[PDB]
Each structure stands twice: as structure tokens, then as C-alpha cells.
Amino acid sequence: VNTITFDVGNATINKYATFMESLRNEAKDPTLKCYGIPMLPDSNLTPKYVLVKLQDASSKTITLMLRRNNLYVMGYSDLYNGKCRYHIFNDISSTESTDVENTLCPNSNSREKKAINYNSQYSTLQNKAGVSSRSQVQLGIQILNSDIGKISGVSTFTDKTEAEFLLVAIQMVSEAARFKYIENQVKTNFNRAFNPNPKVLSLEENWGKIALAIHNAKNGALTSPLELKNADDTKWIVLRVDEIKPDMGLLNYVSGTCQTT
């Protein structure tokens, strides 16, 4: 399994772009694509995981573990009290949990369990963060940096603190890798906090449906309209691959052949 490092504490737009490039290039299947857009592999291709190490301004780190097949964050690790501490979501199976344990913290003689005692759905994370919408949880480079320092090497912390960190890291890492539009929202706002707009949220919520729509399209025409949101919360009725492709970083895995370019 590869570990890709992103230096949050000394970040620049260019360094974030390179991070996104490296993460997409590691995660993607070596060959699968539809309409020129790289696709994630089946669940059997090895390595099955990618690690993402986030470094703050004091060189504290948190390492996220991502599933390659769907880019979900499965859990994360930090160094505390001389040990590797692994924090796994509670909706990960026993088999995958064993992988997470041993991939984040291969030294079984110096590690510690500190579970994430809730599941990894956005509805749950929002509940734990106290917000009715993750539009209300700002994203940003300084926020991500600050959040790392509230958790890494910290014995005990609240579920709210953790969920806020997870919302920010999931969106700035996995969702940005999935969607060039979201990468670009981070880059346009690189120097400030920002609230994810309706188009960010819509893309996040519809990634699986978008992959299927692109995979199924014939001669660039979607088989049925795909309704998303524009950034002003108006409806975006997508009819062709041409309209959605610029926003895409990675397609979710979809079995079967497609129009490849």
C-alpha cells in the first residue's frame, strides 16, 4: 500500500494540485476508463487501499486509510503515548477492520485501538457535528491544519471535534479526488475558509449515479437525464457527457464495458 503525503502546514495551490494528481494516479485502475475519465478498480485489485498522510505546521500527522474501489475513508491513525493509534469507523466489517489495523499500524506490538464510535455516513457525521447540513461545516486549509492539532496525539477529544475533522478531511481528500470541481473549489478558496455550495453537495451525493450515467451513455448522450444542482441551487439537468466530464476526477467502479473515449 502506498502512502501519499500532503503537507497541510506548508500548503500551496500547486502542492494541493500535485497531491490530487498523485492520489488519482494511485487510486485509479491502470486501464479502466469511460469517455476518457479514469475509473476506480474492482474490489479485488491490489493494493486495495491507499494511505493519505496529512501533516500540520508542527509536523504532527494523521494518516487516513482509503478504500481504492470507492475512495471511502475507512479510518485513520495517529501517534499517541508512543503507540500507533488506529481509529476505525463502526461500519467496517471484521475482515476489512483487520486490514485497517494492520495497514495503518503494522507493528502489532505497539498499537492501540481507539474506535470511531459511529458510522461513516454524512448524515451521521453531521449529527455528531451538531449541524443540519454539512454546508454549515466550513472547509479550508487552515481549518484542516487546526483540526489535525485537536486530534493528533490527543488522548481524548469529543465526537464533535472528530466529526468536524472527518467532514473536512473526507471532502478535501476523497471528494476533491473524485471531483475536479471540488478540487477547484478548494483552490479558488485556498487562502480562506469556505462553505461547500449546493453544487459541491449535489456532486458528492450523486457520484455513484454520475458514474453509472457516464458508463451507460451512448455516443455521449445520457440514456436518461441526470439532475444535479448548480452552485446557486438551481437544477442542473445533465443530458450529455460533455457537460459533466470537466467536473470529474474519478469514476466509481462500474462493471462491464463502456465507451472508453
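One rule holds for the numbers: they count along the sequence shown, beginning at 1.
Between 121 to 129 and 92 to 100, the higher mean Cα B-factor belongs to 92 to 100. When the mean C-alpha temperature factors of 40 to 48 and 195 to 203 are read from the deposited coordinates, 40 to 48 comes out higher. Out of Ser77, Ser174, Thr156, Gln142, the entry records its largest CA B-factor for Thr156. As recorded in the entry, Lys60 carries the highest CA temperature factor of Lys53, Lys229, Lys60, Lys209. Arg111: CA B factor lies in the highest third for its chain, per the PDB record. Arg178: CA B factor in the lowest third of modelled residues in this chain (values from the PDB entry). Residue-level temperature factors show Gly9 in the highest third of its chain, judged at the C-alpha atom. Remark: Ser135 belongs to the highest third of its chain, ranked by C-alpha B-factor as recorded. In this PDB entry, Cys34 carries a Cα temperature factor that places it within the middle third of its chain's modelled residues.
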